[PDB]
Structures are given as structure tokens and as C-alpha cells.
Ligand SMILES: CCCCCCCC/C=C\CCCCCCCC(=O)OC[C@H](O)CO
Ligand SMILES: CCCCCCCC/C=C\CCCCCCCC(=O)OC[C@H](O)CO
Ligand SMILES: CCCCCCCC/C=C\CCCCCCCC(=O)OC[C@H](O)CO
Ligand SMILES: N[C@H]1CCC2(CC1)[C@H]1C[C@@H]3C[C@@H](C[C@H]2C3)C1
Ligand SMILES: [Cl-]
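As C-alpha cells, then:
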């Protein structure tokens, strides 16, 4: 499922960027 | 699955909106 | 899949809670 | 799907970390 693939990549990137902004 | 579909859309929108708010 | 189900519910909830916190 | 599983775990962790940060 392409939608699931995109959402997974987006969530992983989202958590990383949020951690980097909090740091 | 409607729940997976809605959650994927919402995660994509959540990343978009969060980034725009941080900018 | 209970993990996917819980993650979908939780992602919806996370967007709700973040929008309300920023507002 | 390992990608979906990793992203689900990541989403649960993200809500946990974000809630702890807001509190
Ligand atoms: C093609 C995709 C390009 C993406 C758009 C690039 C534009 C960035 C503009 C100004 C940044 C200046 C602010 C310096 C960094 C602080 C904001 C921040 O930390 O955000 C990063 C994270 O993705 C969310 O917070
Ligand atoms: C599925 C279950 C969802 C349960 C949802 C829990 C609601 C939070 C409880 C009380 C808010 C306390 C009133 C103070 C208002 C600040 C908002 C707040 O602290 O909520 C936690 C989080 O930071 C986002 O708002
Ligand atoms: C899956 C494992 C995750 C491991 C958990 C690591 C927690 C380490 C926290 C601070 C050390 C670095 C200080 C960084 C300060 C940012 C604080 C932060 O991490 O935000 C979330 C936290 O629960 C509220 O702030
Ligand atoms: N925060 C979101 C919640 C929804 C999912 C992406 C991340 C998550 C992982 C996959 C399987 C379901 C639906 C999406 C794809 C649960
Ligand atoms: Cl935030």
C-alpha cells in the first residue's frame, strides 16, 4: 500500500525532526 | 481499512501543519 | 492488527491534542 | 510489514515523548 508506505516514512521523519527541534 | 486510511492522511497532514507552525 | 489499530487511534488522538495545545 | 510495525512503534513513542514534553 503506497499510502501506508508514505505515512510510515512521514511519521519516522516527523519524530526525528521533532526530536531535533526539541533538542 | 478506513482507520488506517484516515490515520495515514492525518499523519501526513500533521507533519505538514507542524512544520508550517514551526516555520 | 492490534498494533496498527492502536497506532491509528493514537495518531488521530495526537493530531487532536497537538492542535488543541497550539490553539 | 516491518515498515508499518516500526512506524506504529514510532507513533506510540512520539505521543509518549510529546505528552511528556508538554507536561
Ligand atoms: C524543499 C523542502 C524545504 C523545507 C523548507 C526550508 C525552509 C526553511 C526556512 C527557514 C528556516 C529558518 C529557521 C531555522 C530552523 C528552525 C526551525 C526548525 O527547527 O524546524 C525544522 C523542522 O523540520 C521543523 O521544526
Ligand atoms: C483518548 C483519551 C484522550 C484524553 C485526553 C486528555 C485531555 C487532557 C486532560 C485534561 C486537560 C487539563 C486541562 C488543562 C488544559 C491544557 C491541555 C492539556 O494539558 O492536555 C494535555 C496535553 O498537553 C494536550 O492539551
Ligand atoms: C525509546 C527510548 C527513548 C529514550 C528516552 C530519552 C529521554 C532522555 C531525556 C533527556 C536527556 C536529554 C535532554 C534533552 C532535553 C529534551 C527533553 C525531551 O526529550 O523531551 C521529551 C521529554 O520526555 C520531556 O522533555
Ligand atoms: N501516526 C500514523 C498512524 C497511522 C499509521 C502511520 C502512522 C500507522 C502505521 C501504518 C499502519 C497504521 C496506519 C498508518 C500506517 C498505523
Ligand atoms: Cl510542539
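Protein chains in written order, with my numbering: chain A, 1 to 23; chain B, 101 to 123; chain C, 201 to 223; chain D, 301 to 323. Cβ coordinates follow ideal geometry from the N, Cα and C atoms, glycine included.
Through-space distance from residue 17/A to residue 194/C, alpha-carbon basis: With chain C covering only 201 through 223, there is no way to say anything about residue 194/C.
Against residue 217/C, what residues of chain B qualify as contacts under a CB-to-CB distance less than 7 Å, listed in chain order? None at all; the shortest Cβ gap to chain B is about 11 Å.
Going along chain A, which residues have a C-beta under 7 Å from residue 249/D? Residue 249/D lies beyond the residue range present for chain D, which begins at 301 and ends at 323; the question has no answer from this structure.
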